[PDB]
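Heads up, the thing below is written out as structure tokens.
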Amino acid sequence: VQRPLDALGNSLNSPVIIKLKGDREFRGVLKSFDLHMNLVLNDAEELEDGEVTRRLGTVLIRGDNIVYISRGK
Amino acid sequence: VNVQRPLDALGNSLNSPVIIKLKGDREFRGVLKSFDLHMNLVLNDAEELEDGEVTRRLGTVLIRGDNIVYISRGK
Amino acid sequence: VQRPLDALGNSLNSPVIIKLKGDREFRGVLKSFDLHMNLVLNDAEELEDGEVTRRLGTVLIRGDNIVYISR
Amino acid sequence: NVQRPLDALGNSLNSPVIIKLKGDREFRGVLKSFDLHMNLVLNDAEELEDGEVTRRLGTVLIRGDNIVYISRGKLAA
Amino acid sequence: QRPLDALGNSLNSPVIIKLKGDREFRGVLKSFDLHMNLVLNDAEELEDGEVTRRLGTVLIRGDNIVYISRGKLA
Amino acid sequence: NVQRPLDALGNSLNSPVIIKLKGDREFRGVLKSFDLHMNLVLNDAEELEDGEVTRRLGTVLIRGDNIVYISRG
Amino acid sequence: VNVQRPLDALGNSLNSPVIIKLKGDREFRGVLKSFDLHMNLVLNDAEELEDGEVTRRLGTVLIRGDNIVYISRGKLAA
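Protein chains in written order, with the entry's author numbering: chain F, 11 to 83; chain E, 9 to 83; chain D, 11 to 81; chain C, 10 to 86; chain G, 12 to 85; chain B, 10 to 82; chain A, 9 to 86.
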């Protein structure tokens, strides 16, 4: 869609890359999000330095910690 | 959960064990008892972990949302 | 049914542990708090790593620095 | 009042207080006024860093956003 | 007139985004909101002048943004 | 007035003040204006350091969010 | 000056060179073109400096007010 949050909806049910502050990263399937960018991923993995360090299954990430969001696979 | 209501995932986790990761990496594991829209929450039979291990048994604890990075129903 | 701030009401006049950002900790009796979690402890003690480093008497702690509150 | 922590401050108006700040600086002085954000004014204030007085400020306005806690100060020994 | 209008005139232009902590992105500005959240197309994340990652479309939260620049040519 | 600390600022208009910021940066100058966020303007501002000017700035607008304290002196 | 409108000091600086000091040793210099109540502002012919030396030529740039410590006037070339 148009504005950033409206567009983010196009990613629902798709794999995404969530880059967090502190140079942490999560990958998983986007299932929900609000206008604060709080969001839920399914089948999520936390990566660090490039390696998967934890399997977080379903996870709710607080938007305040997010740096950027991009398409994964 | 509703595509526009991410906090419903907390509702779906009431009474289930959860993992809470905070800024600065402190982590807490406990049974989720309640929460609010700021993601403040109350856990029972809670434990605090540091560097991959349990460092403190807290019992019931209210955790302020503003310091939370994520909440996981884990595996 | 009790959201956090409401649940906190049950600790009123009872001893609590307050952990702050930067690892400082306070112990005392919860006398009051508001919605921002600003709160007052009576007979408060400031602990660092293990023992008391300061006896405060009645202290008002700003909620913004709080990481967690427990019994 | 269990819903009014700021009443604690009210009881301290015109008495010596200790204001502990983020970064661990500390101010001591007489509380003259404060608002709901905990911005406040002290008269006869001293600024302490690493244990000692580093400055005498006279009257000072401290922004609440930097405060960690406030307690009562002691009278001279 | 207002800063937000300059963003509006940058739609479809290449931009340089510098974040707090110094992460940098360069890409084509596609959209933005009043909080300065932005979407860039054909983005590259850079560290010290070298592309660290090719992102394709990316949504950058405005709260971490230090500046958004239209840069210089060549 | 025990409910309006900002009045202490009101009382310092057109008088020299010392401004202490997060990070320990210090400024001195004549207070000319301020708002409820404590954003303020100083004329003849000088950045100071351990009681020693290190930069003469002229008129300056300081963002309130970085202020630790303001004293009349 | 309007004792209650400190942002007017910016109004007076529109189309003039300014110095934008950020959260530690970093500053930008450029000609102020616009600003809002959050202190977000736009500069033209701008530069980013570190340690007093030009690090990057920023052209027209929007700087977010949340990172600004202070704003003062810049100078014309010697």
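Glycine included, every Cβ here is placed at the ideal spot set by N, Cα and C.
Below-8 Å beta-carbon distance, residue i vs any chain H residue
i, result
"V77 of chain F", "No chain H is part of this structure, whose protein chains are labelled F, E, D, C, G, B and A."
Short Cβ contact (8 Å threshold) for residue i with residue j
i, j, result
"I71 of chain F", "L49 of chain F", "yes"
"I76 of chain E", "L30 of chain E", "yes"
"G82 of chain B", "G67 of chain C", "yes"
"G32 of chain A", "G32 of chain B", "yes"
"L45 of chain C", "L15 of chain C", "yes"
Nearest-angstrom beta carbon gap, residue j and residue i [assumed within contact, 8 Å]
i, j, result
"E58 of chain B", "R65 of chain B", "13 Å between Cβ atoms; not a contact."
Opening and closing residue of the beta strand (DSSP E) in which residue i lies
i, result
"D53 of chain F", "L49 to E58"
"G38 of chain C", "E35 to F43"
"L66 of chain G", "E61 to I71"
"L30 of chain A", "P25 to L30"
"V77 of chain C", "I76 to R81"
Pick from the options that is closest to residue i, judged by C-alpha positions
i, options, result
"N10 of chain B", "C:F43, C:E35, C:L15 and C:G32", "C:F43"
"residue 88 of chain E", "E:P14, E:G73 and E:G32", "This structure gives no information on residue 88 of chain E, because the portion of chain E shown stretches from 9 to 83."
"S24 of chain E", "E:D53, E:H46, E:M47 and E:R13", "E:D53"
"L84 of chain G", "G:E61, G:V26 and G:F36", "G:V26"
"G60 of chain C", "C:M47, C:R34 and C:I28", "C:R34"
"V62 of chain A", "A:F36, A:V69, A:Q12 and A:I28", "A:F36"
"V69 of chain D", "C:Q12, C:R13 and C:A17", "C:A17"
Interface residues of chain D facing residue i [CB-CB closer than 7 Å]
i, result
"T68 of chain E", "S80 and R81"
Neighbour list for residue i in chain A, Cβ cutoff strictly below 8 Å
i, result
"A17 of chain G", "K41, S42, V50, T68 and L70"
Chain-ordered neighbours of residue i on chain B, where CB pairs are closer than 8 Å
i, result
"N10 of chain A", "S42"
Partners in chain E for residue i, counting only beta-carbon separations shorter than 8 Å
i, result
"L57 of chain F", "Residues of chain E passing the Cβ test: none, with the nearest at roughly 13 Å."
Opening and closing residue of the alpha helix (DSSP H) in which residue i lies
i, result
"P14 of chain D", "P14 to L18"
Contact list for residue i against chain F, beta-carbon separation under 7 Å
i, result
"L30 of chain G", "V77"
Partner residues on chain B for residue i, Cβ-Cβ distance less than 7 Å
i, result
"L84 of chain C", "Near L84 of chain C there are no residues of chain B at all, since even the closest Cβ is about 21 Å away, more than 7 Å."
Contact set between residue i and chain C, taken where Cβ atoms lie within less than 7 Å
i, result
"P14 of chain B", "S42, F43, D44, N48, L49, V50 and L70"
Contact list for residue i against chain G, beta-carbon separation under 7 Å
i, result
"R65 of chain A", "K83"
Amino acids of chain F, ordered along the chain, whose beta-carbon sits closer than 9 Å to that of residue i
i, result
"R34 of chain G", "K29, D33, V77 and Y78"
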